[PDB]
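Quick reminder, even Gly has a Cβ in these numbers, built from the backbone with ideal geometry, and neighbours come from all protein chains shown. Derivation of every value follows stated rules applied to the coordinates shown; laboratory data play no part.
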Amino acid sequence: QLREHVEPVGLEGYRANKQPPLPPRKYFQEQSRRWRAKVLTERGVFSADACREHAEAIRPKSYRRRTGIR
RNA sequence: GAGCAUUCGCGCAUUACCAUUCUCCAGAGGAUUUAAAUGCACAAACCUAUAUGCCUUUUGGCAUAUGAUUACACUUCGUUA
């Protein structure tokens, strides 16, 4: 609590002290899943969208950990 | 039958990002999402199924008359100052 409010720790810029993003929330995961199902249905497996989405899925991602319940 | 000649038309096809790890994982299951009538309801032509008045009720029951009789009117294409 003192680290949050009393000592001066969050006083630098944004480019310093920035964090990796939190992982995508479940609504956005469901939206992306629906988009991928749409793409594989009406555009095909061998499309640029499907292959690019798979290629972006295979690469690792730098994330944080959720601390709260939301 | 040439032509995306024309239409803020219709249907189909197509559009590529390159990291960098603090995301719980693996299975089981078939919901959600997307796609489209050969499904549903009708519509349009096409084919099939006597007159007066009473009651009608998506339609027939009742008297009369050309009437118990093998018989009878009509679709005429015209054009030559």
Exercise for review: Could you work out the relative contact order of chain A, using alpha carbon pairs under 8 angstrom and six or more residues apart, expressed as a whole percent?
Suggested key: 43 percent
Point to revise | FRET efficiency for A:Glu4 and A:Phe28, using Cβ-Cβ distance with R0 set to 22 Å, rounded to 0.05 | key: 0.20
Study note, to complete from the structure: Computed, not fitted: 222 nm per-residue ellipticity of chain A from DSSP H runs ≥ 4 (each -39500 (n - 2.57)), nearest 500, equal to -13500 deg cm²/dmol
Practice item. Going by C-beta contacts inside 10 Å, put A:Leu11, A:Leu22 in order with the fewest on the left. Key: A:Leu11, A:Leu22
Check your understanding: How would you rank A:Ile58, A:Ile69, going from fewest to most other Cβ atoms within 10 Å of each one's own Cβ?
Key -> A:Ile69, A:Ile58
Check your understanding: Taking Cα centroids, how far is the range A:34-52 from the range A:54-70 in Å?
Key -> 22 Å
Check your understanding: Cα to Cα, under 22 Å, and not fewer than 8 places away if on the same chain: which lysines meet these conditions relative to A:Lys18?
Key -> A:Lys61
Practice item. Please report A:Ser32, A:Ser62 as a ranked list, fewest other C-beta atoms within 10 angstrom at the top and most at the bottom. Key: A:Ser62, A:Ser32
Check your understanding: Which FRET efficiency value, to the nearest 0.05, is calculated for A:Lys38 and A:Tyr63 with the Förster distance at 22 angstrom and r the Cβ-Cβ distance?
Key -> 0.30
Check your understanding: What length, rounded to one decimal in nm, is gained on full extension from A:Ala50 through to A:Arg15, with 0.36 nm per residue of separation minus their alpha-carbon distance?
Key -> 9.2 nm
Review point. How about the range A:30-70: which chymotrypsin sites (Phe, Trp or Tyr not before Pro) there are in a DSSP loop, with at most 15 other Cβ atoms within 10 Å of their Cβ?
Key: A:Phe46, A:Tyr63
Check your understanding: Against the longest principal axis of chain A, how steep is helix A:48-58, in degrees 0 to 90 to the nearest 10, with axes from Cα atoms?
Key -> 40 degrees
Study note, to complete from the structure: Mean projected area, convex hull of alpha-carbon positions in chain A, reported to one decimal in nm², is 7.0 nm²
